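S.K.: According to PDB author numbering, the sequence shown is numbered sequentially starting from 67. What follows is a single structure, and I will ask about it in a moment.
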Amino acid sequence: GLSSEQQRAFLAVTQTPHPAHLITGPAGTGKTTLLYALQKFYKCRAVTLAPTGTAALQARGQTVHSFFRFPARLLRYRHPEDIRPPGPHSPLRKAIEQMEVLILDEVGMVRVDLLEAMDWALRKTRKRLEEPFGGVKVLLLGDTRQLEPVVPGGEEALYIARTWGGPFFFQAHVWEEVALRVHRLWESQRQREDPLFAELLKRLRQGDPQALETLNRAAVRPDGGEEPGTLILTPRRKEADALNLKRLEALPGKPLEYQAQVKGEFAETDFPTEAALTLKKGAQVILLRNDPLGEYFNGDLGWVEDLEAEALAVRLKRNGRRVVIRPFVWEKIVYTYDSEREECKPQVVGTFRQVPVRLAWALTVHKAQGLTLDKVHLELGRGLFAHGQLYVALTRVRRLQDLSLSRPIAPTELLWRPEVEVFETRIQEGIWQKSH
């Protein structure tokens, strides 16, 4: 069930001896089903890995650090003190010396030292320490805009500045050895781009001053979140929960707590939704899972109508109330070699059981990633000039008319980092390889 756009990438990456392939493009269905077709297409030829627990959950894979027993600190270059190879006959080594393909979702947040750990770990155990990754066909994924890995400062920042120069996944010295065939999609909705707004976003990423004045003198509207169907996006999830709470304690209806059943090993930070979910009839809520039948979708903004102990009815914004949702089961997955099969065969270690819905009067930009939204309102916190971290917020809409920021933006909150502005544009032909 693959469309021509998803099939073109599938066939372009699977039918070639080239190991390194990057697939760019925004989040959403079409991108997920592309991975769900890839990982099932090989199905112990490869494993699916991710930098963060959240990414590993929504990608059916294992955390990189947890798959490789990598320690939660700066991974020094080819250092055996940090990158310890699994010993002989160990029940990780036998499974890693099968992985012809390695899928890697959300490469935006993969730090450089983390990528160079994977390469050396794959080389010093599959015996292919000359070829990059031990020959393993790496399939990188994720919009390269929802990037910028945190670097603490002090000792760790200086070492990374000296070894690589920056924290990005492309500054790794692996790419000085192999070429990265980049299949960039950016082609899911032609005119719900508003090509003037796309060029406006590109001029903001390049520091243009008058593009910034244009953005401010068309979209600045204090508290323009009172207009109907306005989702008040916030950068930080602290004020988002605070905004949902104050709008939740306005509803007269009696609340109902939905209790999650966290079975097995499931980290607290990996929780998709709050386990003590207080809901009232009339709350703006959003779905977090696609319906196996096909009635509702992931990211479907609804309104609570009825509150049953193990089900709830929501009037969808998209078409009109049709579906009652039933608690979904999230599984923590770890890839450990199967004895009988002689082939990795991943394993369910954790379980999270609650209704796939969360409060949606406000949302963190992180959780809002890739959602097609009709109308948004941005909440400035006077400190978000985190070297362009607010660009990801402007991209959450297709036309300038839908966005309404509460306070003006400084030129610095949107300006991209110089190393990024060189990567996004040297990949616009195709293959990318690091010179000198």
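The C-beta atom is built at its ideal place from N, Cα and C for all residues, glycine as well.
Does DSSP put residue 428 in a helix, a strand or coil?
M.R.: strand
S.K.: Count the other CB atoms, across all protein chains shown, that sit within 10 Å of the CB of residue 310; report buried if there are 16 or more and exposed otherwise.
M.R.: buried
S.K.: Quick test of the definition: if touching needs 3 or more C-beta pairs under 8 Å, does the stretch 111 to 128 touch the stretch 155 to 172?
M.R.: yes
S.K.: If we call anything under 8 Å between Cβ atoms a contact, is residue 177 one with residue 215?
M.R.: Yes, these two residues count as a Cβ contact at 8 Å.
S.K.: Name the residue from 95, 83, 81, 80 whose alpha carbon lies nearest to the alpha carbon of residue 357.
M.R.: 95
S.K.: Below 7 Å CB to CB, which residues in the same chain sit around residue 373 once its five sequence neighbours on both sides are set aside?
M.R.: 322, 345, 347
S.K.: Flag this pair as yes or no: are the beta carbons of residue 195 and residue 130 separated by less than 8 Å?
M.R.: Not a contact, by the Cβ cut-off of 8 Å.
S.K.: From residue 401 to residue 365, what does the alpha carbon distance come to, in whole angstroms?
M.R.: Each residue's Cα considered, the two are about 28 Å apart.
S.K.: Hey, how far is the Cα of residue 416 from the Cα of residue 235?
M.R.: So the alpha carbons of these two residues sit roughly 29 Å apart.
S.K.: Any idea if residue 135 is buried or exposed, counting beta-carbon neighbours within 10 angstroms, 16 or more meaning buried?
M.R.: exposed
S.K.: Would you kindly check if the distance between the Cβ of residue 93 and the Cβ of residue 260 is under 8 Å?
M.R.: Their beta carbons are not under 8 Å apart, which means residue 260 does not touch residue 93 by this criterion.
S.K.: Whole-angstrom Cβ separation of residue 32 and residue 339, contact assumed at under 8 Å?
M.R.: In the structure as shown, the chain starts at 67 and stops at 502, and residue 32 therefore has no counterpart that could be examined.
S.K.: Quick one, which of 434, 466, 412 has its alpha-carbon nearest residue 158's?
M.R.: 412
S.K.: Rounded C-beta distance between residue 378 and residue 362? I'm assuming under 8 Å.
M.R.: About 12 Å; that fails the 8 Å criterion.
S.K.: Using a Cβ-Cβ distance cut-off of 8 Å, determine whether residue 244 contacts chain C.
M.R.: Annotation note: the requested chain C is absent from the structure, which comprises a single protein chain.
S.K.: In whole angstroms, what separates the C-alpha of residue 341 from that of residue 335?
M.R.: 12 Å
S.K.: Per DSSP, what kind of secondary structure is residue 122 in: helix, strand or coil?
M.R.: Three-state DSSP puts residue 122 in a helix.
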